[PDB]
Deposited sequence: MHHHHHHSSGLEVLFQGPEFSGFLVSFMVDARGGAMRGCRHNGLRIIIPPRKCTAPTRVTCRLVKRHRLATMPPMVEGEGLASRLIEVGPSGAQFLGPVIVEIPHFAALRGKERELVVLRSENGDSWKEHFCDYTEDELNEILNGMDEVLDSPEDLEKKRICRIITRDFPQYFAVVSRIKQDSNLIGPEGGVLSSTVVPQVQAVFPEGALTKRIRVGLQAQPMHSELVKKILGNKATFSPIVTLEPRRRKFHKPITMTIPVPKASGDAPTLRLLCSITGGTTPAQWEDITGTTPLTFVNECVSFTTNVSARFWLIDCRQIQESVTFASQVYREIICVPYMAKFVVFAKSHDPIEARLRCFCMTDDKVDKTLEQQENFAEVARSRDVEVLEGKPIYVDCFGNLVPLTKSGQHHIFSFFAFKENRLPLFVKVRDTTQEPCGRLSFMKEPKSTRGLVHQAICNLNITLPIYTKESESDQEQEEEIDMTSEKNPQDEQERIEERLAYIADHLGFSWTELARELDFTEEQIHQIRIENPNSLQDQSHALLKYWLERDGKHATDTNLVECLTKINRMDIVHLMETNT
């Protein structure tokens, strides 16, 4: 449900500060004279992958950190206090920003704002960015804080008088609201997500280039007068027959659907920018490509990739030497936030490698290959990365040449090209009727057990097909395959470990 209490200490008028007990970056500072009575200040991270109500997020957004509970919820202070949270969003310079949300009662969410003599030292903006620490400044504690990664959003309150909304990240991007466009003062938002040639070229080659993706929020609203958009033309483009304007009008949490609206939208060219009008808030995107009939196809392939939130994660590899020739690897890709007990849950294994923080995309596949003096027993080896989740890949390997040290090299790749990261690894070295009873008590536990025993999902389906509509039949089949697959190394201690891990303590007896 929750992490352990990371921070918990008493504070009064004298103030106080304490760092979390797991990730050292986590820190809370209560300056002097911010309260007049003793107060127990606490902090925990919500470990559940979700609570009853998550912050509402749209395409291109994601939690930079697990939900933060700073207690006592409802506490107020005579002045701003400081809450520092390690995050794991890749911000790509100024392209993305963190936005802090809060929930008073755990039910609904809103954006957090707060206008603003101790021996504590605060990092400079640069230091914070370097260490990826989010500094939340607040005068009170909600039930929950959420830190959200999104494309930088410039916003302003615009009314009937009109106004102009300018991108701070791509200063040429612009939306001008004439007088009469709105009949009320409304907060409008503008985002511009730049392209990175490298990734586009890796998706499309030279078949197309793009402008920034320009999003006007709130999406899917009608204006009473035409809004005038300005967007820079794609890389090396300009006024050319290959230039097309795409628009997606979808709203809320539904996926973008790009459409070519060039034929119904007059375009004005000025200072290598394109200008045009729209009667609705939407997403706009300029594409320059050779085959203009493929515009949307090209745009959709790219979009599906670049909308995924980029996270900073680590690859960590664990190894056990099953016997003289065979060893077992467990590869993990995770946000190193110290909440999951994963890196301590690998009893029987040694850690053999650990990467630096590297950027990986939310939801995307990772392919793993093994070179040198280790060889996978095998199709491809694939798992996916999800932030704040245990992402795990078992690999059974063999020593290629026993006359050499049992070592090799693992590569982790975005596709089956420069790898996400490479890891050198060296291995640690190698020195029936009751299974029935156990099968008889697994029930729905058998699929979880299998996963803990390093069986693939394909193998799980396989056991089901061979043992239709019977938890018991499937349970027997699993353990029988286990005993075959593993032979001698399949003792009770292993089983007991996994059983305990899948909350079947009852069977341990």
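Against the full deposited sequence, the model leaves out several stretches, namely 1-18, 135-144, 407-409, 448-454, 470-497, 576-581.
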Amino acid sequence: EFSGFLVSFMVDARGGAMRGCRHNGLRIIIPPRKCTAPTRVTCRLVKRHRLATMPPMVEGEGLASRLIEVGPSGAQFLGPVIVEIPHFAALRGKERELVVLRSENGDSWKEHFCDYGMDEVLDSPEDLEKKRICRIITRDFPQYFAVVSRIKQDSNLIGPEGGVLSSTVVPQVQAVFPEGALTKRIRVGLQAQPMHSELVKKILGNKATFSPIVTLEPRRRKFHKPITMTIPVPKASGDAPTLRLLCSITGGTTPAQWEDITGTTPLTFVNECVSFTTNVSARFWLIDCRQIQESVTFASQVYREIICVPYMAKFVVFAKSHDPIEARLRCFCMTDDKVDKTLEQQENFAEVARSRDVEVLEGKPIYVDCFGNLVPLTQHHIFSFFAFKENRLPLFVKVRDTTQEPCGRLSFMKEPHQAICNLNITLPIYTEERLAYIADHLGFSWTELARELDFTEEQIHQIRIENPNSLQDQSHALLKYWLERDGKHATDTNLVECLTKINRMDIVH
From here on, numbers count along this sequence of modelled residues.
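Legend: mean Cα B-factor per stretch from the PDB entry, 66-74 versus 450-458; the higher mean is in 450-458. For the pair 50-58 and 33-41, the mean Cα B-factor is higher in 50-58.
Take 294, 84, 401, 97 and read off each C-alpha B-factor from the entry; 401 has the highest. Comparing C-alpha B-factors across 337, 217, 323, 351 in the deposited entry, the largest value falls on 323. When the CA B factors of the chain's modelled residues are split into thirds, the value for residue 437 lands in the highest one. Residue 390: CA B factor lies in the middle third for its chain, per the PDB record. In this PDB entry, residue 212 carries a Cα temperature factor that places it within the lowest third of its chain's modelled residues. Among the modelled residues of its chain, residue 483 has a C-alpha B-factor that falls in the highest third, as given in the PDB entry. Remark: residue 132 belongs to the lowest third of its chain, ranked by C-alpha B-factor as recorded.
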